[PDB]
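The structure under discussion appears below in the form of C-alpha cells.
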Amino acid sequence: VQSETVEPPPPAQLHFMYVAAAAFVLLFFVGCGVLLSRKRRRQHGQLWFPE
C-alpha cells in the first residue's frame, strides 16, 4: 500500500516522443510557415500538376 509502488511514472514512449513530435511539427510549421507567409499556397491549379 506504500507510496513507492502506488503510482508508476508516465510512459516515456509517449513523453519522450512528445518532445520529438512537438519539436518536428513546430520546426516544420514555422520553417515552412515563414516562406509560405508570402504567397505560394494556391493548391488546386498548382497541386503537383499545374492544371
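Chain labels follow the order of the C-alpha cells: the first chain is A, the next B, and so on; residue numbering restarts at 1 in every chain, and ligands are counted from 1 in their shown order.
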From a DSSP calculation on the backbone, collect every residue of chain A in alpha helix (DSSP H) and output the set as an NGL selection string.
:A and (12-36)
Export of prior selection with C-alpha atoms as a PDB file, in the first residue's frame:
```pdb
ATOM      1  CA  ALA A  12       8.429   7.540 -21.729  1.00  0.00           C
ATOM      2  CA  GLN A  13       7.224   6.102 -25.146  1.00  0.00           C
ATOM      3  CA  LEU A  14       4.669   8.949 -25.379  1.00  0.00           C
ATOM      4  CA  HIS A  15       6.504  11.575 -23.200  1.00  0.00           C
ATOM      5  CA  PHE A  16       9.931  11.486 -24.928  1.00  0.00           C
ATOM      6  CA  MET A  17       8.059  11.266 -28.368  1.00  0.00           C
ATOM      7  CA  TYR A  18       6.133  14.341 -27.287  1.00  0.00           C
ATOM      8  CA  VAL A  19       9.384  16.340 -27.295  1.00  0.00           C
ATOM      9  CA  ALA A  20      10.363  14.854 -30.734  1.00  0.00           C
ATOM     10  CA  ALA A  21       6.998  15.417 -32.495  1.00  0.00           C
ATOM     11  CA  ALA A  22       6.454  18.868 -30.897  1.00  0.00           C
ATOM     12  CA  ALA A  23       9.937  19.906 -31.998  1.00  0.00           C
ATOM     13  CA  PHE A  24       9.402  18.447 -35.558  1.00  0.00           C
ATOM     14  CA  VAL A  25       5.979  19.894 -36.053  1.00  0.00           C
ATOM     15  CA  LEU A  26       6.956  23.376 -34.708  1.00  0.00           C
ATOM     16  CA  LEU A  27      10.164  23.470 -36.646  1.00  0.00           C
ATOM     17  CA  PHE A  28       8.189  22.427 -39.772  1.00  0.00           C
ATOM     18  CA  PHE A  29       5.256  24.763 -39.202  1.00  0.00           C
ATOM     19  CA  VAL A  30       7.491  27.784 -38.659  1.00  0.00           C
ATOM     20  CA  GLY A  31      10.206  26.897 -41.239  1.00  0.00           C
ATOM     21  CA  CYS A  32       7.515  26.145 -43.871  1.00  0.00           C
ATOM     22  CA  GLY A  33       5.224  28.897 -42.399  1.00  0.00           C
ATOM     23  CA  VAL A  34       7.846  31.710 -42.864  1.00  0.00           C
ATOM     24  CA  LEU A  35       8.199  31.273 -46.563  1.00  0.00           C
ATOM     25  CA  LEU A  36       4.548  30.246 -47.127  1.00  0.00           C
TER      26      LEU A  36
END
```
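What separates atom CA of residue A:50 from atom CA of residue A:38 is a distance of 19.7 Å.
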